[PDB]
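Starting off, we have a lone chain in the form deposited without the ligand, written out as structure tokens.
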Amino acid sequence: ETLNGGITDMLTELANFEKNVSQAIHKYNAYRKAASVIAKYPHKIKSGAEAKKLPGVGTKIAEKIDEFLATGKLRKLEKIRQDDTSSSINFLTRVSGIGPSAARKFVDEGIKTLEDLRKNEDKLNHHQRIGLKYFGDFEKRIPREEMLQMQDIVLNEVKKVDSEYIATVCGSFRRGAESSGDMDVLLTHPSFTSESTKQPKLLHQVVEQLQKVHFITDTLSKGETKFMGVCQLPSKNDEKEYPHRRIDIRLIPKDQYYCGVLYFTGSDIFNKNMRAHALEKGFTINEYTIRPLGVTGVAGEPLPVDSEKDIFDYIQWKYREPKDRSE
């Protein structure tokens, strides 16, 4: 956790690079287990060979651990940190809509910057365009104080359109968090579930309303159950308009809301633990359900949940207020 930190960090730099710049998924994947293992490892790696000793740790990585331990730096790390081509990719990629794949094409075309991008708005698709238009707003965190305002709107409009809707803002926002990156509203309706054959309107109706009042400003992606967009808190009395924020709305069958809700609320670590406890308690859990573990090996059949309560109970556990869902 700090005893093999540099090592783990270098490895991660290396890993990421393989993947984003080269196309070295193997290699890339290679740095990863290595960091994962040395990461677990209980002592102070004092040398290459010592590390080599681990699994996932081979000759090459050892070599590197050597140089790093031997001197505060890595040549290769140093070479990549410079190289423009590499730096560009780390950069273009910052744009919502640009993954590595795209980042490579652009660079090989010479677009290596924001301006480049602008000059070539023609080569970018809808998503990417919005992403470019809001580069700035997109990187700005969302102060909870804003979140509450947003949340107030979404919730009210959903209400108007149908009393039967059930919306919830998952995220860290949910677990307390003073600010967040984006807004995800989990959504369900009684008239929508596991069997129930579809109801696209269910999601389209609300999205619409949201734009009707102007909360939503752009559409990144709109499918039958998942909407990806852009919203904004109405600029009060002209002098201070808000940044544009990322937002997601997802339809969930009412019969798998809470697991979902639970799930998305996190944290990752809270999940896992609750996840492992479940198991002990003779249970299975995932994104949509909680199942009674048979003994033959495994086994299923969806336990019936009405709240986040029904779940905990199941695995017989202390109901956790969202704030305490930390670890």
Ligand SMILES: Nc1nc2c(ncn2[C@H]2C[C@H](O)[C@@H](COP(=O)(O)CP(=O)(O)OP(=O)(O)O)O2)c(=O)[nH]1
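Take the two forms, find the largest set of C-alpha atoms that superpose within 1.5 Å, and that set is the rigid core. Residue numbers here begin at 1 and follow the sequence given. Only residues modelled in both forms are compared.
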- Message: Over the set of other compared entries for this protein, does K198 lack coordinates in at least a third of them?
- Response: yes
- Looking only at CA atoms, which has the higher mean B factor in the entry: 193-201 or 223-231? 193-201
- Message: Tell me which stretch has the larger mean Cα B-factor in this entry, 203-211 or 79-87.
- Response: 79-87
- Message: Quiz for you: based on the deposited Cα B-factor, which of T265, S47, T296, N29 is highest?
- Response: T296
- Message: Among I25, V21, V305, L14, where is the Cα B factor highest in this entry?
- Response: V305
- Message: Ranking every modelled residue in this chain by its Cα temperature factor as given in the entry, which third contains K64?
- Response: lowest
- Item | Entry-reported Cα temperature factor of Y258, expressed as the chain third it lands in | lowest
- Message: Quick check on the deposited entry: does the C-alpha B-factor of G72 sit in the lowest, middle or highest third of its chain?
- Response: highest
- Task: Going by the recorded CA B-factors, say which third of the chain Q151 sits in, lowest, middle or highest.
- Result: lowest
- Ranked against its chain, the third holding the CA B-factor of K236: highest
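Below: the form deposited with the ligand bound, not depicted.
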- Query: the ligand in the deposited complex: within 4.5 Å of a heavy atom of each of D137, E139 and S221?
  - Reply: no
- Hey, in the deposited complex, is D182 touching the ligand, heavy atoms inside 4.5 Å? yes
- Is there a heavy atom of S36 lying 4.5 Å or less from a heavy atom of the ligand in the deposited complex? no
- Message: Even though the partner isn't displayed, in the deposited complex is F68 close enough to the ligand, meaning a heavy atom within 4.5 Å?
- Response: no
- Item | Distance check, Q205 to the ligand in the deposited complex, heavy atom within 4.5 Å | no
- in the deposited complex, which of 171-179, 205-213, 236-244, 152-160 comes within 4.5 Å of the ligand (heavy atoms)? 171-179
- Task: Residue by residue through 258-274, tell me which have a non-hydrogen atom within 4.5 angstroms of the ligand in the deposited complex.
- Result: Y263, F264, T265, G266, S267, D268, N271
- Query: Taking the rigid core as reference, does the Cα of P143 move 2 Å or more between the shown form and the other one?
  - Reply: no
- Query: Rigid core fitted, then: does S163 show a CA shift of 2 angstroms or greater between the shown form and the other one?
  - Reply: no
- Message: Taking the rigid core as the reference frame, tell me whether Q199 has a CA displacement of 2 angstroms or more between the shown form and the other one.
- Response: yes
- Item | Consecutive stretches, 3 or more residues long, displaced between the shown form and the other one (C-alpha shift of at least 2 Å once the core is aligned) | 2-81, 197-200, 262-327
